[PDB]
Structure formats: C-alpha cells, structure tokens
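S.K.: Quick one: this structure, given as structure tokens, is what I'll be asking you about.
Number of protein chains: 2
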Amino acid sequence: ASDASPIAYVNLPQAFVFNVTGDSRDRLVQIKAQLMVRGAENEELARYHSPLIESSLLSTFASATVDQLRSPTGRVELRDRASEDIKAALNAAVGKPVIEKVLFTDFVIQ
Amino acid sequence: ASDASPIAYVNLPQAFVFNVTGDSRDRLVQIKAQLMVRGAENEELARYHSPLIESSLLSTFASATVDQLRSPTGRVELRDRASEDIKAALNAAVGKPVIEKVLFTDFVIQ
Numbered sequence: 058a059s060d061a062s063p064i065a066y067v068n069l070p071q072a073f074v075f076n077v078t079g080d081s082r083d084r085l086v087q088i089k090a091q092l093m094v095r096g097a098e099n100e101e102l103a104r105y106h107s108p109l110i111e112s113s114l115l116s117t118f119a120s121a122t123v124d125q126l127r128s129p130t131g132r133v134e135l136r137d138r139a140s141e142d143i144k145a146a147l148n149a150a151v152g153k154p155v156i157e158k159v160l161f162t163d164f165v166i167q
Numbered sequence: 058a059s060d061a062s063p064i065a066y067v068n069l070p071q072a073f074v075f076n077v078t079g080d081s082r083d084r085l086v087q088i089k090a091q092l093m094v095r096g097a098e099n100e101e102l103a104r105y106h107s108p109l110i111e112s113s114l115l116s117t118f119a120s121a122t123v124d125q126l127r128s129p130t131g132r133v134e135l136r137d138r139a140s141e142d143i144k145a146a147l148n149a150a151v152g153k154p155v156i157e158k159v160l161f162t163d164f165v166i167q
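Heads up: the protein sequence lines correspond to chains B and A, in order. When the first sequence is numbered by PDB author numbering, its final residue is 167 and no position is left out of the sequence of numbers. When the second sequence is numbered by PDB author numbering, its final residue is 167 and no position is left out of the sequence of numbers.
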C-alpha cells in the first residue's frame, strides 16, 4: 500500500561503450543502464549474476546498427531486446527470468 | 483535498542530453528537469523510483522530432507527453501517478 511495493532498482555503475559500424562511420555509443526487479529474491539474484547480465547487454548492443539506433522504432526494439535477452540468459543459467526490464538512463552516440 | 497537500520539488540533477535528427538536421539537445509533486509520500516515491522516471524521460525525448523542438506548440506537447509517460510508468509500477508534472528549467538545441 504505502510500504509494500516489491519494486527495486539494481544499479549497473559502469556505462556500456561499444562500436557500432555503418556505411560511413564506426561510431562509439555510451549507454548507462539500471535493472528493474520485483522482490528481494530477484534483487539478490540480479546483483549476484551481474557479470552474466553485463555480458548479455554487451552482446545485444554490439549487434545494433547505426540506423537502428537512429530510428525511434529501432530504439524501442533494442530496449525490449536487451531485456528479453537478459531474461533468456538467466532462465538458461538459473531457471528464472529475474528482471522486469532494463532501464536506460543515458544514451550518447559520439 | 489531496491535491491541496503541499507542493515540493524533486531535483533531477543530471541534465538530459540526447540526439535528434530528420528532414532538417542532426544535432544535440540538452534538457534540465525537475519534478513537481504534492505531499511527503509522493516525494519519497518520486525519489525512490528515480531510475524509472529518468528512463521514462529519456524514452520520451528519444522519440521527438527536430521539427517538434523548433515549434513552440511542439515544446508544450513534449512537456505534456513527458509528464504523462512518467505517470503511466509509475501507475504501472506502483499503481499511482506520483508526480504532478515535470518541469523543464533549461531547454536548448545545440
């Protein structure tokens, strides 16, 4: 009610920096992320498995193309795929999706 | 009468920087923002859910046009969309809107 929301946020402190390649430009993208989770058990799992979670994120991002990141439909696609990739990796590893979704708090492309 | 509880302002310290591009151009935007809330419980909620709020704001700004930034009508429209997207995110997460509205204290297209 007042004191009872299971929602918590797990900071991912280090920004993700990766190269996206395009027809004229290799570019660097920087993305600051946090994880949204429901409940103390999922929070503990998300903190514990964050090397795995960080590596899932990097793989999703590195697969992105330049005019996917320049397209408003493309950004929503990438955002949702980042969350669903993490859920799939954690389901393989621990049998649980663990997170609700990835949150992106900062995005700069060059 | 609930909407008569006292106003407070929750500062969002980090300015939003994001790219926009289309028929006219490709360039940068900086927005500095704060949240207007009513009452102590909404204020503590706005601070606790700051990762979700910041992510909603970045999502809203990512899907704006360089043409809609140059229109005075579009800028009101952007502000209102931003407030509505935050309220919808928090309604989905805790079942209350939490904020009154978001405030843009700096808005520049450079």
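All C-beta atoms, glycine included, are put in the ideal place defined by N, C-alpha and C.
(1) I'd like to know if the stretch 104 to 121 of chain B and the stretch 73 to 93 of chain B are in contact, where contact means that at least 3 CB-CB pairs between them fall below 8 Å.
(2) Helix, strand or coil for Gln125 of chain A per DSSP?
(3) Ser120 of chain A touches chain B at which residues, Cβ-Cβ below 7 Å?
(4) Measure how close the beta-carbons of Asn99 of chain B and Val159 of chain B come, nearest whole angstrom, since I'm counting them as under 8 Å.
(5) Hey, would you say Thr117 of chain A sits closer than 8 Å to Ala139 of chain A, going by beta carbons?
(6) Does any residue of chain B have a CB that is nearer than 8 Å to the CB of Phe75 of chain A?
(7) Going along chain A in order, which residues have a C-beta closer than 7 Å to the C-beta of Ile166 of chain B?
(8) Might you give, ordered along the chain, the residues of its own chain that have their beta carbon closer than 6 Å to the beta carbon of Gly96 of chain A, omitting 5 neighbours on each side?
(9) From what residue to what residue does the beta strand (DSSP E) around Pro70 of chain A run?
M.R.: Quick answer:
(1) Contact holds: three or more Cβ-Cβ distances are below 8 Å.
(2) One-based indexing of the second sequence puts residue 125 of chain A at position 68. In the displayed model, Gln125 of chain A falls within a helix according to three-state DSSP.
(3) Within the second sequence, residue 120 of chain A is the residue found at index 63, counting from 1. Neighbours of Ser120 of chain A on chain B, chain order: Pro129.
(4) By one-based count along the first sequence, residue 99 of chain B stands at place 42. By one-based count along the first sequence, residue 159 of chain B stands at place 102. In fact, because the Cβ distance is near 14 Å, the residues do not count as touching under 8 Å.
(5) Locating residue 117 of chain A in the second sequence gives position 60, where the first residue counts as 1. Locating residue 139 of chain A in the second sequence gives position 82, where the first residue counts as 1. Closer than 8 Å, so yes.
(6) On the second sequence, residue 75 of chain A is found 18 positions in, with the first residue counted as 1. It does; some Cβ of chain B falls within 8 Å.
(7) Working through the first sequence from its first residue, we reach residue 166 of chain B at position 109. Simply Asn76.
(8) As a first step, residue 96 of chain A is located in the second sequence; it is residue number 39 there, counting from the start. Closer than 6 Å at Cβ, skipping near neighbours: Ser62.
(9) Working through the second sequence from its first residue, we reach residue 70 of chain A at position 13. Looking at the DSSP string, the run of the beta strand (DSSP E) that includes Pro70 of chain A is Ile64 to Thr78.
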